[PDB]
Each structure stands twice: as C-alpha cells, then as structure tokens.
C-alpha cells in the first residue's frame, strides 16, 4: 500500500480523521485528507453549539460542508456528537425539567433527521461516565434528567434515523477499569432491554508509552455484548518538544492501537483526531503536551505513519 487509505481499505476497515471544514481551502491539508483517509468525522461542525446556537434555530452550514466533503470524496461519514455535556449552549443549560428534556429530544431529532442517509453512525451520547466509575459529575444532562437521559437520547435518535449505527462514546475506557466497567454494564443493559444501541466508541486520547495492555481484550468483551467497536478520536500526546525516542515510542503506540483493532473482528476501524500537529487540539487543552498526530506541523509524516501502515 502507498496510502493509509489503501491499507485500511485492504483490511476491510475504516481509517478516518477529524475534519475542520475551513482547512479544506489549505492545499496540503486537503491533499492529505483526500488521499490518506476513507472516513471523515466533524471535529466541531456537528456539535450542539455549532448546530443549534439558539433554541429551535439550526445552522447546518458547517456540518453540511463536512457531509458534502465525505460524499464528494467517497468517504464514510461519522457523526460527532448529538448529546454531550461540553460545548452545550447556555440557553440549553438555562432550561430545566420537561423544558430541558424536550430541548434535548428535539435537538437529537432535528440533527439526526437533517443528516439522515448521509451520516452512517452517530456518537449519540458522549462522555456519560466518570473516571473511577459511575456517571459524570459535571453534566447538565445527568444533573437535570438523571440516569435515564441516555436511553431517551438513543430512542429519540433511532426514531429519527431508523438505520444509522447508534454509538455511545467515551475516553479513558480503552482498558478494563472502573470507568469502562460502568460503560460495559450500560451497554449490556441496553442490549438486554432492547434499547437502540449498535456501537461503542473508544476515543483513545492516550499518552505515549501508556497504551493499555488489555486494549484488545476490552474491545473484544464489548464486541461480545453484541455491538461494534471503534477507536474514534485517536491521538497520543507526548511532552513537548518532540525528539527521536519520543517519536519512536509514539510510533510503537500507534501500531499497538491499530493492532488491537485488527485483532477484533467487530472493530470497524480507527479515526485519528486530526491530521497535523499544526492544528491538533492537545496543546491548548493539555499544557506542555502535544505532537500527538500522524503528521507534524510541516505536514511531514512522522514515524507513526509507517507504524499505522504496517498495522493495517
């Protein structure tokens, strides 16, 4: 294979990236997006703040751009994310009780309906759990509606889009731990009670030299519950600046992650949260950390590239 697109295509899996539609006007960015991936997800364009800035007022221009890019280039389209405690407009946070539930339900219905037939899978609910186990403690959805909001969102999504693969997404759940266990229980419960749920997304925002040794094992147990699994926001951050041994360790980590997916029949593929370190979200969120993607700031392939190629 000459591109990661071919490598993934050959493995019968997806290799995607998080797209910022505005960067499509940047030649080198587009060249890589066009040639190295077979799947695309909106890094921000389809979130609540970007789609419903004011209650009942939707703005799909940005999300449409991402969707159009996918159809135009023949790539699968993944949707991120319908219900999430972050990047939630104040107007929504200002609602309570029935008013809030109705706003959530309508947001799911409107967005899912708008992209119906285009988005193949949705991160319906994102980051519902807490590190250490249990439900997230700073979520407007958890605080205003309690435990049942997740099921409500999934049922609402399925009603709006009868065929889309509906996933629940989270981070720090790549290995077996208290958090992934809480997620495992939810997934099992939903399948047992017939709640619409087809997949689980393992964000995989990892630290280099720290890939869980039980990654595949964890992916397999979720797959065994009767759902598909997918690595949705892969990036492995290191302490900056980068150097040779850090880049090599990172390359090794990327190989380990793609391998775990390859070892699970139901792992749909791997999506990296961005193309180049030039735009990666890590530095501004994790002080002193970065250089987490496959391409550096000059659009030069890093060692991680060959590792991903070999893994597929």
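Numbering follows the first chain given and starts at 1.
A.B. asks: Compare the mean C-alpha B-factor of 120-128 with that of 232-240 as given in the PDB entry, and name the stretch with the higher value.
C.D. replies: Of 232-240 and 120-128, the stretch with the higher C-alpha B-factor average is 232-240.
A.B. asks: Would you determine, from the values in the PDB entry, which of 288-296 and 15-23 has the greater average C-alpha temperature factor?
C.D. replies: Mean C-alpha B-factor is greater for 288-296.
A.B. asks: Compare the CA B factors listed in the entry for 96, 203, 81, 73 and report the winner.
C.D. replies: In this record, 96 carries the highest C-alpha B-factor of the candidates.
A.B. asks: Taking the C-alpha B-factors as the PDB entry records them, is residue 53 in the lowest, middle or highest third of its chain?
C.D. replies: Middle third - that is where residue 53 ends up once the chain's C-alpha B-factors are sorted.
A.B. asks: In terms of the chain's CA B-factor thirds, is residue 147 lowest, middle or highest?
C.D. replies: Ranked within chain, residue 147 CA B lands in the middle tercile.
A.B. asks: How does the C-alpha B factor of residue 170 compare with the rest of the chain: lowest, middle or highest third?
C.D. replies: Lowest third of the chain for residue 170's C-alpha B-factor.
A.B. asks: Of the three thirds of its chain by CA temperature factor, lowest, middle or highest, which one includes residue 77?
C.D. replies: It belongs to the lowest third of the chain when residues are ordered by C-alpha B-factor.
A.B. asks: Looking at the entry's B-factor column for C-alpha atoms only, identify whether residue 265 ranks in the lowest, middle or highest third of its chain.
C.D. replies: For residue 265, whose C-alpha B-factor we compare with every modelled residue in the chain, the answer is the middle third.
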